[PDB]
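Chains Z, F, P, R, U and D supply the protein sequences, listed in that same order.
The first sequence begins at 179 in this note's numbering and counts up by one.
The second sequence begins at 122 in this note's numbering and counts up by one.
The third sequence begins at 290 in this note's numbering and counts up by one.
The fourth sequence begins at 290 in this note's numbering and counts up by one.
The fifth sequence begins at 1363 in this note's numbering and counts up by one.
The sixth sequence begins at 4 in this note's numbering and counts up by one.
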Amino acid sequence: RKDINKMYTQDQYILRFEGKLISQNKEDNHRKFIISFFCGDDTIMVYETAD
Amino acid sequence: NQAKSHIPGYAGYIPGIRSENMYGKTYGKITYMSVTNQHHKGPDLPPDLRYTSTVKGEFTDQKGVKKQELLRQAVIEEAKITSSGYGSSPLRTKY
Amino acid sequence: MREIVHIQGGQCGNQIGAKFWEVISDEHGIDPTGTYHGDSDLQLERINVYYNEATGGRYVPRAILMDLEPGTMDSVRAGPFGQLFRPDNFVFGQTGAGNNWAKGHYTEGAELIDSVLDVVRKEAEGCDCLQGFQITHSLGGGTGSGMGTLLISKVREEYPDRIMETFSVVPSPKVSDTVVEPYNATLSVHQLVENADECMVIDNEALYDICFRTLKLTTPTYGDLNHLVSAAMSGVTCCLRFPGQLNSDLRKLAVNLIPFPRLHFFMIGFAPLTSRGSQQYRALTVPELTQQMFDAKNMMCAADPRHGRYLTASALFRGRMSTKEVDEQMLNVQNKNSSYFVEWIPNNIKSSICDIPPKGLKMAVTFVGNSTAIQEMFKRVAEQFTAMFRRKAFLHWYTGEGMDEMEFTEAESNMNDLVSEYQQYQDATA
Amino acid sequence: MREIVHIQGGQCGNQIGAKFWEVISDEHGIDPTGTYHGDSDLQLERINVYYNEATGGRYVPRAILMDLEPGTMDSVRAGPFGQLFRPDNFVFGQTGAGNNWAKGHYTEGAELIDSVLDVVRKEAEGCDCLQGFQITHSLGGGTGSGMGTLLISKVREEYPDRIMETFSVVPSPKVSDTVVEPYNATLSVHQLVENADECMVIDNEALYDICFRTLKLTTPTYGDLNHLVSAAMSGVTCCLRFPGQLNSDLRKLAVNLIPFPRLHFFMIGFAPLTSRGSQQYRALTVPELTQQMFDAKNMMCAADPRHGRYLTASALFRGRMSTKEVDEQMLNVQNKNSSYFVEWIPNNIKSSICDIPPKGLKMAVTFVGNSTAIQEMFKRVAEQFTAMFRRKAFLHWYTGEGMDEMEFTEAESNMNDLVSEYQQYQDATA
Amino acid sequence: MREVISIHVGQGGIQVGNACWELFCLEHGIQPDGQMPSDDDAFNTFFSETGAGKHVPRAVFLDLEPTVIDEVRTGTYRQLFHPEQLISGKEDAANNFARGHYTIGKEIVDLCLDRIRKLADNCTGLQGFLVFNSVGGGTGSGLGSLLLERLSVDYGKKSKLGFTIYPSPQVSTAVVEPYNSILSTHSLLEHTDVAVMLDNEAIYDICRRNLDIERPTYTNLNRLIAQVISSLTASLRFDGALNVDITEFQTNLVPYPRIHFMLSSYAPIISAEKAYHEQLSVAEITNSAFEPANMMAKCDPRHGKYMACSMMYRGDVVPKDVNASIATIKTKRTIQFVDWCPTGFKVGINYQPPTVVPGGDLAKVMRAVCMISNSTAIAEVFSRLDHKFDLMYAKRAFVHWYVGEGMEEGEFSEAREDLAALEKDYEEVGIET
Amino acid sequence: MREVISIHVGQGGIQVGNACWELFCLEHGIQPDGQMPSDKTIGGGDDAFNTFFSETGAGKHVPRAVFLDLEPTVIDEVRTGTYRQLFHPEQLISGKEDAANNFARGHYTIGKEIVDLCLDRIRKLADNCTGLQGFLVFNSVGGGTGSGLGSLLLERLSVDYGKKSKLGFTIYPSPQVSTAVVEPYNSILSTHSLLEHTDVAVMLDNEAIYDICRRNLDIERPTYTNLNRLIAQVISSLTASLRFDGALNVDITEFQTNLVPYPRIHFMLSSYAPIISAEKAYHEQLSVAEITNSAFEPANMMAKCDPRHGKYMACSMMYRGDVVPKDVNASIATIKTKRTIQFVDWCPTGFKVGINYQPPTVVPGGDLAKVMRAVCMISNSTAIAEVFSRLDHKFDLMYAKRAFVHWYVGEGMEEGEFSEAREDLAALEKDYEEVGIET
Ligand SMILES: Nc1nc2c(ncn2[C@@H]2O[C@H](COP(=O)(O)OP(=O)(O)OP(=O)(O)O)[C@@H](O)[C@H]2O)c(=O)[nH]1
Ligand SMILES: Nc1nc2c(ncn2[C@@H]2O[C@H](COP(=O)(O)OP(=O)(O)OP(=O)(O)O)[C@@H](O)[C@H]2O)c(=O)[nH]1
Ligand SMILES: Nc1nc2c(ncn2[C@@H]2O[C@H](COP(=O)(O)OP(=O)(O)O)[C@@H](O)[C@H]2O)c(=O)[nH]1
Ligand SMILES: Nc1nc2c(ncn2[C@@H]2O[C@H](COP(=O)(O)OP(=O)(O)O)[C@@H](O)[C@H]2O)c(=O)[nH]1
Ligand SMILES: [Mg+2]
């Protein structure tokens, strides 16, 4: 079963965040990412912007 | 109280359905617009309603349609919910 | 030592490699940032087979990704373990072939293949001791069916002594997502039969059928199909990366499975596979493994293996087990199914055992069977080809870009001759 | 060693097996999770007779459940001890036979039996040393009476040397639940007499009479009937699973109880049977056990055993006892009832002793008697069959699905000949 | 995985469909608005899941008179039924079987067949079709004949069972109803697998004698019929010790293909004022069920021989009591079975007790019985209807109303000789060897 | 990095371009002012809007499409409307005098003075883009200016760019309904012109969509706007594969390699499913099998043509939502097993199915509801010949007595240009019947 009511009622709601990674590697300690959360079905996605 | 608006395949009479247009919408909306009176009546037009032609009377705006549609849905459902209880329905006396 | 490189092209090749590398990464215990976090010492002794060492202690696959459109590679960059690929290997076009073999093989593919050939040559020269190449494609797409086979030809022209493996997804009419499937399939097979040292066909109809009846899962997906294909892919090369009682490299398989140089088309199978409901219910034993192995329904192809006779068979077991039981079970099966085995070549079954089982499973089995039952797919593909070719349908695109109908006639004649000579040995008697 | 598999079909057979396997699990100390929890060492020495090993140390009943409708199996799966069965052994149709022998034997059953035959062949090949097969079914249902007997014929065609046991529930004229019972009962008996090595008849009317008179319980139920049938079944094969003074396998019973190959229809009984309010006062002794095993009302068949002469009798005792007492009691019973025993074959009583009694009881007895009194059931069945068939009523149903009236005529003639030749030996004198 | 499709045509058909579906929705617990009140595939017997929330009954309504359809779609079940499966035409046949068989029904039967295809494509284990129709009415009769003859060639071997309401011997609303009743019987004789008697005066007597309502209505009739239907169908969606399927009616109860008219009784029928003061024993409820006055068909079982009866027992009944009651029934001398039938009783057992409807008359009972029988005594209704039709056809009254609507003059005749042949078939079957 | 350029001509063309353009903005989140919202200030990723837009560097997005008309009323309305800030001011090319249903006026008299600026604006687009996938053209054929300008644009573009792909969404006159009286003439002339100049043409007849609306949408008095919304949804679903991630992608160049077997035969017919309004949409599951059955149902067609009267060559179905590939293949198996729908002896496999993950977007004030599964089919079958035959009959009815001919004679067109169009249609009719026979 897929709870269809939740995706009907919460499709337009999307949360966009700005985040920085933390990792052992030092090359990718400064670069930035934009995260997106779609609460229609709890989907988590990451975008990498290149300056 | 009825329900306001009717099932699509409803034969019968829905008052001023032929007099004052209501062209374009689905059918349930027209029935609702007619059952709760939101339209001009009469063979005359005050200045404001006229000169609002299709692409100028509609096919425009933005999220105001969100607001009106949401209010219509809320009012129609709060009108409908006036029925409950573990006694089924009085269709014995409705029939 | 005796390492190989991975080369994938087209959407299907890229997506197949996407989870093949994921399965290999899970087996070898590498993190998505390239940091080793395994538990066993054997996980690092033969890591050079698929991974190159870099400064900082990280590893990179020898994978080369090609396409005439960049969308599929920009998407595989998003999948898990997609940050292991070396960015220079990504080679993409700016136009796309539009499912056209002529576009993907004559004008745009020929011009584009220069850089990818340069990088492939660099990779082949860099490695210590080259064993061969493995190439994965589908015959339902124009850019794949053209560019992949042209690169097969170019690589064969430069490395005649090395071995070549092709992972071919042929279009079957049941899962027909394109109407020009058989033009491209026949044109790709015509070039592939000449150059590919080994080819193994995979059918999406068979994949979905497996998913519904064997695993009994209601919603099969591209991910499940790719996972099954990747497990079957790793089952072949597990023994080259892990120790075993009887090692058998891809060259030994080529020696023992191909009687005649033009008969190198295979269908495979993987065991065990069961639903979550029967995982505790079932028991893992050699008889169960071999009975699920040799079941006609378990084959990775829609072709019925009981409609023909097996020319040869190859088995790769994973896990610690006695060799006597394996030998006696194979002898018992070969005695009980003598009607389905060719008679003029006795003992047409090869056995190989590796002591390292896959992660999460105690015993595993890979079957590769060369049989005459594969003729049905070619017969139906040729029937569709001649039906669509008798009225010259959709040939204006192909004739407007440099190639003519004489090549079509030659391809059809060669494919029909291949089918006839493949079925000739079925009726041969001693 | 010398183990047998279980196969059941139809709703009644499924219900019988649901209690038989529960009784076996309780006797062997097997929990509904398949985990051994017994107390004695002897409970595990010969558990391979009915249980196979799986990974994790769990045990499985190798029973194959078949039906043309899935309702009975989907209901028994949720019952106690229902998780022991492998899901792979469950085979069900989607249409149903509607209590019609034509649908159960010609149209649907012939096509459906392929999978159950495959799994039965797999189970028979898997076991170390096959002893035979046992089937439980009712003759009042069309789908069972067709599919079970067709499977009997198919299994006999493939294993002519193995032994066959059938537990047949025949529709008695007193308690009738289906109007077409005579037709399918005759059709099933006609095929069963040709292939069954042993058949044991069980009557619901006789079970209900036993429940009302001996146990004196207010409301008899299908659960109590299934429990009695399960105890009767376990009494036969107890000696093969447990040590005893004089072991006697099913083959020895077949040798000692069947004088002529076409006379293999038996009626059985179990002792002791006492009410819950009358357990203390009775003393478990060999004289009580024999006076109860030879009681007419203790028989699981409504046929009167004093209306004919016993051709042969067999008794299996459970519990530690002296053999001299058993022999002298058998001699006394045979001497005091010489009028009811055939005279031209002396010493027509066989006795077997097993040292392991049933759980909760100190001594027990299973009796199997081949006598000429069984002719009455066949006579009344044939009378009802000919009364219903003389007006060709209820017949277009069968004739519209491939059969004809000549098969019915042949079945009736064969039944009449069988009855005549069964009663011929009753009047034979030396 | 099992499904069945119900069709209701005519005013009587739609009114009995409402009564059956209210009982069905109550017993399955689904809300009148269609949403699950919240809490195992049993609802798949009559309903289909939309994926999330409400359910769809597997039923269709057909009528040319939109009054009843409008009433239904304005009632409390407006949200429950699909808007475009309650097909309503324009002009009623007005008791004229020719109007509904040759002029008007053809233009709506295509839409109905399209709807049947759409609903049947969803079902995968379709058991068969149930049809409800008033034969004493023109549009109902004509549409029933058309749908039966179309489905018989569209599907063929698929089972169809019809709960026909034949006219009473003396009490009727119409006067031209003999004509259309005879024509529809002629049509359905070779097109219906099972036909069930639902004459009105018999249930009228039942209600007066047992329910103790001196002034009941058609809705009480419809509720009793709904209880009968729910009983006969509960075996498919409720677990029982001895289950009976739809396919297990034409395999036990139709000795010859032409004899498929079948008459049904039910028990117990008692109001709550005295329902609890009797133990309601299985033996006495069975005796009441076979009692001739407890019949829902105005027929005398004493006047004819019995062929085959099937009882369903719902509740906590025990098979030992079942067989004990059957033995007593066979023992009684007032009921006799035909010579060539040694056993003719088919028993089914279900654990689910009947559900009581609020505002109804029937009380809550832990045991119930429904018996469906084939006996030779049915021929009297056919004989009297034949006399009724002959009295009119002697002087060719009312004939122009049928001639002018597309039928030829002689189409009454073949129906007449079909009834005659069916009669002589009944007497030929009824004689002993 | 992929782009597609849309051109609209005629008032029908402009009001269908506007209709697709609010839908594109809605599904891309574009406000009428060009900012995403004012509330969402991160952005800077998921570049897919470049399929129809181009970034201004900071803020708004501009359309990749052109509006053309010689009647300036519609362009004045558009530049007055709420989208006045969206389109570029100079990209709405408007003339002074309407052709007034005269194809001669629009092809020989007044279209030449405006087609130069049109081509200039086309080049001013093509220079900006780098991965142009192709061109779309929208034009009403029953109008002289639309037909003439479309023919002229196709003729110049076929030599200006050469091999680039063009798709034309034409709306031929109704079989027996007409709003004008001289539309057979200009329709036939335009068909003759575009036959060798368009790569693919698609049928968009009006009475078919009228029947669709009255039967499915239950709207007894629809207006043209609803038809525009349906066409907009169709083309948006068609282009969704190029801007949305899908496990089975299809490109614009993957169209006439799969639906056009001879270069002359390139007329396609489209059907959609499901079409249902909200008050009864949620009542059933809308299974993939039943939506595919409805799509292939003849009465669900957007062209007034009977597929049962003609022989099928090849069909392409495209799904958007959460569809399952094996469910798709099982539906295709049922379609093949069905008898009344037959595929030709020289085409055993004729299915081109594409899959996309993005569900269709619901429009405010529209007729359709929000669904998780949608199918659209584009088909080539021999049933096309009936509309051509009837149009030929109607045109012959007038050319027999030379009615209305002077209105084309006096505007630069010589007398004989009706002929080659007539024999062109006749030759295509024999070509259709020749393709339709089996070997
Ligand atoms: N038992 C029962 N019979 C009914 C009911 N409604 C109508 N009838 C019977 O049907 C007969 C007339 O047919 P109707 O049902 O009224 O109408 P119809 O069947 O749709 O056919 P037309 O008369 O042509 O409209 C009457 O004589 C009644 O006996 C009902 O609700 N219950
Ligand atoms: N479906 C649909 N068809 C339209 C629409 N507008 C116009 N048409 C069709 O267009 C045909 C006539 O052409 P028009 O679009 O009105 O005008 P035109 O093509 O610019 O040519 P002129 O009339 O000379 O200006 C009519 O026969 C209609 O069938 C529309 O909004 N929707
Ligand atoms: N295993 C698997 N096969 C796929 C997937 N997507 C498409 N295919 C198969 O690939 C073939 C089509 O290849 P195509 O995309 O046209 O190749 P391309 O033109 O090189 O991109 C079809 O036969 C599909 O069955 C997937 O996600 N997984
Ligand atoms: N002992 C016993 N007999 C049963 C049970 N259930 C049904 N029966 C008998 O089986 C007969 C009906 O068999 P049926 O269900 O038609 O067999 P099927 O057609 O193979 O499913 C009845 O006469 C019952 O007496 C049970 O649980 N226990
Ligand atoms: Mg205009």
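Even for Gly, the Cβ is constructed at its ideal location relative to N, Cα and C.
Inset, instruction - Return helix, strand or coil for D434 of chain D, following the three-state DSSP convention. - result: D434 of chain D sits in a helix when the DSSP states are folded into three classes.
Legend entry - Complete runs of the alpha helix (DSSP H) confined to the stretch 582–638 of chain R [at least 4 residues]: DSSP runs (the alpha helix (DSSP H)) wholly in the stretch 582–638 of chain R: 612–625.
Legend entry - For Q580 of chain P, three-class secondary structure by DSSP: helix
Legend entry - Coil, strand or helix - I440 of chain D by DSSP: coil
Inset, instruction - Quick one: which residues of the stretch 560–576 of chain P get their C-beta closer than 8 Å to a C-beta of chain R? List them in chain order. - result: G566, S567, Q569, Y570, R571, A572, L573, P576
Inset, instruction - Would you tell me roughly how many angstroms separate the C-alpha atoms of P449 of chain R and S523 of chain R, rounded to the nearest one? - result: 25 Å
Inset, instruction - Using a Cβ cut-off of 8 Å (strictly closer), state whether residue 271 of chain P contacts chain D. - result: Beyond the ends of chain P as shown, which are 290 and 719, falls residue 271 of chain P; an answer cannot be given.
Inset, instruction - Tell whether a beta-carbon distance below 8 Å holds between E494 of chain R and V464 of chain R. - result: In this structure, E494 of chain R sits near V464 of chain R, with a CB-CB distance shorter than 8 Å.
Inset, instruction - Quick one: grab the DSSP three-state call for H64 of chain D. - result: strand
Inset, instruction - For ligand 5, enumerate in chain order all residues having a CB closer than 5 Å to any of its heavy atoms. - result: That gives D:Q14, D:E74.
Inset, instruction - Would you please verify whether the beta carbon of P164 of chain F is less than 8 Å from any beta carbon of chain D? - result: no
Inset, instruction - Specify the secondary structure class of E223 of chain D as computed by DSSP and reduced to three states. - result: Looking at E223 of chain D - three-state DSSP - the assignment turns out to be coil, as it is neither helix nor strand.
Inset, instruction - Assign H1639 of chain U to one of three DSSP states: helix, strand, or coil. - result: coil
Inset, instruction - For the stretch 191–207 of chain D and the stretch 151–168 of chain D, state whether three or more C-beta atom pairs, one from each stretch, are separated by less than 8 Å. - result: yes
Inset, instruction - Measure the CB-CB distance between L605 of chain R and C488 of chain R and report whether it falls below 8 Å. - result: Not a contact, by the Cβ cut-off of 8 Å.
Legend entry - Nearest-angstrom Cα separation, counted from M1769 of chain U out to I1466 of chain U: 13 Å
Legend entry - Within 8 Å, strictly: CB atoms of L1448 of chain U and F1423 of chain U: yes
Legend entry - Other residues of its chain near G47 of chain D: CB distance less than 6 Å, five sequence neighbours each side excluded: none
Legend entry - Length of the line joining the Cα atoms of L406 of chain R and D486 of chain R: 19 Å
Inset, instruction - From the DSSP output, in three-state form, read off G1710 of chain U for me. - result: strand
Legend entry - Whole alpha helix (DSSP H) elements within the stretch 178–211 of chain D, 4-residue minimum: 186–198
Inset, instruction - Compare the C-alpha of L401 of chain P against each of P:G421, P:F422, P:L419, P:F379 and name the closest. - result: P:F379
Inset, instruction - Could you tell me if the beta carbon of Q300 of chain R falls within a distance shorter than 7 Å of some heavy atom in ligand 4? - result: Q300 of chain R: yes, Cβ under 7 Å from ligand 4.
Inset, instruction - Tell me, to the nearest whole angstrom, how far the beta carbon of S143 of chain D is from that of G13 of chain D; I am working on the premise that it is less than 8 Å. - result: 4 Å
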